[PDB]
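Two forms, one protein chain; structure tokens for each follow separately as structure 1 and structure 2.
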Structure 1
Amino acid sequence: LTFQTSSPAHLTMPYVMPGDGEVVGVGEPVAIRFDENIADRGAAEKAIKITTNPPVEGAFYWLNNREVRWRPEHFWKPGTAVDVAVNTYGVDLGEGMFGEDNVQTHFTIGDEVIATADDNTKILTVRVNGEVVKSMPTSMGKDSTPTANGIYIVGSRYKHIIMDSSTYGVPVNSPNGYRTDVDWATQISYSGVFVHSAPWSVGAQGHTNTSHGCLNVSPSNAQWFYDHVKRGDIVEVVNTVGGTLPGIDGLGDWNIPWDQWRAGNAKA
């Protein structure tokens, strides 16, 4: 090791996901998020070495100035081992910022889990390695607030969570201020789309869209989803009146056409 001089005002640390040793779904990108905006994005990329077994072609794309993603063209093949070496220690990241340390993570791809929410049938169907394991009636976004179509990556899971409209800057005791307690919530977009328990819409699930954009399912189906779906599994939404989920949402990565993703967007 070669020592690098440093100052707490001129250092930035990388954080890698997913965690070391984790088993993730086929949609999980590698994510490296820095604790500061990066000016030399080309230098960061060059510092990161991703190796796969079986080997598959992949590429980097920046979600924003803090976070870079790497994925293949198509969903991961189950069983794949992925090694990530972020060799940023002492790397000049531009504007006098330097990499603070190296981080190394290793993870594996589990079963192919793909759930399709079809707005034509109002059924959410979960396939594991091509086989249907579960059908759930669902209620998605009403016409004024539709659920976007596209490919969503499963993120965090919560036994209980608060949906508070003021974090979207729209207060309660307001036009639409809500503060709502929700059980068994699985996050599928950074914009705040969740699959979750909705006892208040059980009669509509399978028939009519009534939500603000979330996938409302029954309490027991929502608990099922929470138990059986992991980070990196895929939810595909089709046939809604909405547009397409933004590719830079945070969990929207697969919505970016491969030619654009591969070309990348790194200021070098």
Structure 2
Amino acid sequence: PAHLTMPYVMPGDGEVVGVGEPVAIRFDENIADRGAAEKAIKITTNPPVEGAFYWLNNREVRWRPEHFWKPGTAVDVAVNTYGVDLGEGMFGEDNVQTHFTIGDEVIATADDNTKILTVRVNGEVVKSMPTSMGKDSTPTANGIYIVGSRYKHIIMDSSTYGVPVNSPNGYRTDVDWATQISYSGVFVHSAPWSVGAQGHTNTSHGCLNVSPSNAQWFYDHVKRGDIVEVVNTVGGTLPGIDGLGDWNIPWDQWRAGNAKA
């Protein structure tokens, strides 16, 4: 190693993901020549669709279409960096490939005006969940969120996101049925402690609090790549480079890319 870097591709080989899942190629070393890396990456889709690369940081690039994937689309990814100088004498340690498919269109919209999280599958409403989002002093950002990992039980610690547990906006909370939707720390999870406020008042630090029953349903039926869109909150907009906020970047900007950066 040292002059060799190993690329990692997401999603998993054979995985079925939602319509918002971007292709992600992560290197274990910073890429000096982003242009070279993009050239070494071949992506084939069926049905065919145009897409483009955009870097979230110095080690990870993302590729996605202008709009959400069409359900049933099959995607093949070939990261051929072996023999390729990714910049300053750094070569790919080996080549990697992955194949994944797009499942049904699942888009859950959380409207702060109604305090309801509505899950639509292929355009049809299948669930309407009262929710309680970030309180005014710690609001939930508006925007398009891509569903990530899920946990039957986990502890969310504010210090993971730069906020001391002992501070006013701090917390170290055990939660059931947690589905992560932003690297910034936003999750859709079971919140038995805010069932009264759900559908009426925002009381969280930013997460989308829902009933235990609804959180479990969300955990069982929503998958990586599905979409959660938050609208009308007093917060700002999820950053395009969050890690799960890719879609908040305007297509013209995304297509333009940032390889010469």
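Residues that one form lacks are left out of the comparison. Rigid core (definition): largest C-alpha set, two forms, superposition within 1.5 Å. All residue numbers here follow the sequence of structure 1, with the first residue given the number 1.
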Practice problem: Select from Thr105, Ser165, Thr80, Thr125 the only position whose Cα moves 2 Å or more between structure 1 and structure 2 when the core is aligned. | Solution: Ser165
Quiz item: Does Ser191 count as moved between structure 1 and structure 2, where moved means a C-alpha shift of 2 angstroms or more after fitting the rigid core?
Solution: no
Practice problem: Would you tell me if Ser144 moves between structure 1 and structure 2 by 2 Å or more at its C-alpha, with the rigid core held superposed? | Solution: no
Quiz item: C-alpha of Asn176: shift of 2 angstroms or more between structure 1 and structure 2, rigid core aligned?
Solution: yes
Exercise. Using the rigid core as the frame, report the C-alpha movement of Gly90 between structure 1 and structure 2, one decimal, in Å.
Key: 2.4
Exercise. Determine, in Å, the CA shift of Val237 between structure 1 and structure 2 after the rigid core is used for superposition.
Key: 0.2
Self-check item: Core-referenced shifts between structure 1 and structure 2 - contiguous stretches of at least three, CA at least 2 Å
Solution: 165-178
